[PDB]
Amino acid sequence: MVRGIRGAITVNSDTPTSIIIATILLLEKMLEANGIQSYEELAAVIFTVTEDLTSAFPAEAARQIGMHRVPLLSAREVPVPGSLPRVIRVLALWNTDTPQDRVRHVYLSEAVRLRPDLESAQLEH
């Protein structure tokens, strides 16, 4: 019984210090928004960074707040032209019986645009 939790945040330059700070900010606001007390509830955490962020692994930031026992994995996001630049995305798999409608997802800094609209698009088909 697992629920994914999405996060997303942006930085203004490709430096290790700004990637670590942003990731820690995003991670901590994600845990607080759902009331996670212990990292033991996380089954794994997955990060994606855009093509223009290469100076540090997000996993390095995770271990700075003591997530050593949490399985971490990072990858490159699809380089879509005109998409929002310099964005760290997070997918945390969470062991919980929380209903999907009740899981809070976090979009910070410029990434508030990536927040999904409940009344958008959709098809007749």
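We number the residues from 1 along the sequence you see.
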For 110-118 versus 6-14, entry-based mean Cα B-factors point to 110-118
Between 96-104 and 82-90, the record assigns the higher mean Cα B factor to 96-104
Binned into thirds over the chain's modelled residues, the C-alpha B-factor of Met67 lands in the highest
By the entry's values, the third containing the CA B factor of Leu53 is the middle
Here the Cα B-factor of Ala59, set against its chain, lands in the third termed lowest
The third of the chain into which the C-alpha temperature factor of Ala33 falls is the highest
